[PDB]
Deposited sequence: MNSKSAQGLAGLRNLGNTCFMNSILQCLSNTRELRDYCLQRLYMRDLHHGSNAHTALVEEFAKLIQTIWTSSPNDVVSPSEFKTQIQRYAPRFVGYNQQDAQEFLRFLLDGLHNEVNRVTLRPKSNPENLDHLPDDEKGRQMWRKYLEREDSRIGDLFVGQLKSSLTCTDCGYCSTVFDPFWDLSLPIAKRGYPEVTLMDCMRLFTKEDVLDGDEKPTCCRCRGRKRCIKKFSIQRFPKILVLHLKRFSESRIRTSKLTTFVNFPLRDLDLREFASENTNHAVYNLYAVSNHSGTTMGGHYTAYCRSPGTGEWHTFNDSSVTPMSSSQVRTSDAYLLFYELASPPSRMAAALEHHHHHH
């Protein structure tokens, strides 16, 4: 059933919101429930993956309106990320990043055409970082830097486990802003390695490998002389058929995603509340998780201006 709520241990709604999103990440949940993790590290430590998996196993063997305590779990993520030792308000995406890095580390199994360069860079990355967690989240960006003087296009390939998107509004607009030709001029002029001097260049991202689970993180922040504030712009994201083919490095590479979870924030950059909306893998039905409270909702209520992290699964 999987509708247990999580106890708020003291400003830990950022943590509970992300844990529900992961609980309803189908392949990640299954990995824990079949305890494939015991089968599978960067150090001697396994307690973070153990408590994370026991938390998921407890949520999925629980009855509605059970409340589960993530206390043991918190003790372990703190050791990876001391930022979380206290009970202060925190950012869900920062939490997600340290949590997945920790899980990953504990079960870590460890002149050419551009195409070929990318494929070789990828292998180099997997030679160092290769886990079931990565399997799910990891993708590869291509970045093309072209000198406007000599026309050389320098290409590099960076792994990613999520994308942090500027807000342009539609989600696609934000992806186009992320992937646009960026003109690097004036104080940002790069050195062209062929010209061997500073030149106006154009830099452009495309997606060389798409991940099985695509986490999109909306940069709801604005820096000004007058104030740092949160952007509460409504960003309209689809429930189904998010089609990212126009962003792919390769023409055909099809990449269509359906939403299954959202972490919501309400407030300013300095404080606020988190909840999650998540689609159950089993039933397809959506529920609102606001700590210990879990209520059904319709997918028509899922898009709101409070969405901050979007969890999509590849179709």
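> Counting from residue 1 of the deposited sequence, where are the gaps with no C-alpha coordinates?
Model skips 1-6, 47-49, 120-131, 190-195, 343-359 of the deposited chain.
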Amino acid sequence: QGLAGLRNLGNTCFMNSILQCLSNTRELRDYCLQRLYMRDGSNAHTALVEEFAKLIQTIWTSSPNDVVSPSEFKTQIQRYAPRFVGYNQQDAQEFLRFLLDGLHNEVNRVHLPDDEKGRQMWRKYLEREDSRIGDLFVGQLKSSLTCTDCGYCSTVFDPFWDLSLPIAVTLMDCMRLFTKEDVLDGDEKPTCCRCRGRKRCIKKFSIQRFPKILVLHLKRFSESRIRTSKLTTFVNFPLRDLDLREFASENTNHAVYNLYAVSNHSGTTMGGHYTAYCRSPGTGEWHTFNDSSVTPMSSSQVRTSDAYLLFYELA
From here on, numbers count along this sequence of modelled residues.
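> Quick check: 118-126 versus 223-231, which has the larger average CA B-factor in the record?
Result: 223-231.
> Please compare 282-290 with 31-39 and say which has the higher mean C-alpha temperature factor in the record.
According to the entry, 31-39 carries the higher average C-alpha B-factor.
> Name the residue from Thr275, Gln57, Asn258, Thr252 with the greatest C-alpha temperature factor listed in the entry.
It is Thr252.
> Maximum C-alpha temperature factor per the entry, among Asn65, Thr268, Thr46, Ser263, belongs to which one?
Highest C-alpha B-factor among the listed options: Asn65.
> Name the third of the chain's ranked CA B-factors that contains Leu163, choosing lowest, middle or highest.
For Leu163, whose C-alpha B-factor we compare with every modelled residue in the chain, the answer is the lowest third.
> Looking at the entry's B-factor column for C-alpha atoms only, identify whether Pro82 ranks in the lowest, middle or highest third of its chain.
Ranked within chain, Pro82 CA B lands in the highest tercile.
> Could you tell me which third, lowest, middle or highest, the C-alpha B-factor of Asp91 occupies within its chain?
Its C-alpha B-factor belongs to the lowest third of this chain's values.
> Lowest, middle or highest third: which one holds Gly139 when the chain's residues are ordered by CA B-factor from the entry?
Within its chain, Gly139 is a lowest-third residue by C-alpha B-factor, going by the deposited values.
> Can you work out whether the C-alpha temperature factor of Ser23 puts it in the lowest, middle or highest third of the chain?
Lowest third of the chain for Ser23's C-alpha B-factor.
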